[PDB]
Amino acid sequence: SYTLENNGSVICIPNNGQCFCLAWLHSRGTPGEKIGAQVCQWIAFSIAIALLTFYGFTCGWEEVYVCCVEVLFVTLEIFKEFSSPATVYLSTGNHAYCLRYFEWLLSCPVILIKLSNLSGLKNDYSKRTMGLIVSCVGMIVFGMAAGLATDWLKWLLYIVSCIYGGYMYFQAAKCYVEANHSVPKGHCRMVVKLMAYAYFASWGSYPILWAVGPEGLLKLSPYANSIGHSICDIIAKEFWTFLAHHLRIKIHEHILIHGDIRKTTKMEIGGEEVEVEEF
């Protein structure tokens, strides 16, 4: 595709108008790693289609939107993952997977909008809901910039992203505590706890996968990193929204057979005191 010159110090290429960089030609992963990515992609696709069909087509727009985004994303990844602009190849020699950051920006705020109102629909939206959304957006923005950036700048932006993420994780964790005391005593408290465990395990893995992936320490290949992101998406997008959809109807069914008995009880969760709904 090119030609050497001198003693390897000069390289010549055709003047055809196509950008050239040897650093863009690195391998994508091993044959076994590719097969695993294909397997997990089609599982994530097939589960989303099923969950879309289960949800239907309003109350419950969040789950639909998240799963619609998963279908679109996983479909574009199956067919045109390493094509620009799904994967961007920068003049600095590196590359970034912009298709994935776009996915996060569409779905992560919605998941958090669902989290701030897990229990019986309290239309009064708090200042906490805004704190989740704003911190999540800032987190992904500085994450995406760190993926495009290079050398020390990359890790400076990465750290800024972790600061945003911390506030988001903090606010998200306070939701799960308030959500627990706000749902019926039996089966509903377990689902909230299972949703919390699924949320932190999946959402906690992305920074780890980022730092060792092809946009960080270059340990994991793109194909390998794809397997890891597919599994997190299955838990964060599909398993979690199913539990959220399930939690709603179980709360509705409990109310029609028990009523709507609620007392305003005040307690402390984070560094403050909050009054929450109690059955």
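Note that residue numbering follows the sequence shown and begins at 1.
Where coordinates are absent for parts of the deposited sequence, a chain break appears; between neighbours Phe57 and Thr58 it spans 4 to 9 residues.
Once the C-alpha B-factors are averaged per stretch, 155-163 and 171-179 rank with 171-179 first.
Checked against the record, the higher mean CA B factor of 20-28 and 263-271 lies with 263-271.
In this structure the maximum Cα B-factor among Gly143, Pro184, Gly204, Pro85 is found at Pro184. Split the chain's modelled residues into thirds by C-alpha temperature factor. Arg100 is in the lowest one.
The entry lists a Cα temperature factor for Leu121 that places it in the highest third of the chain's modelled residues. In this PDB entry, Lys34 carries a Cα temperature factor that places it within the lowest third of its chain's modelled residues. Among the modelled residues of the chain, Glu63 sits in the lowest third by CA temperature factor in this PDB entry. The PDB entry assigns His252 a C-alpha temperature factor belonging to the highest third of its chain's modelled residues.
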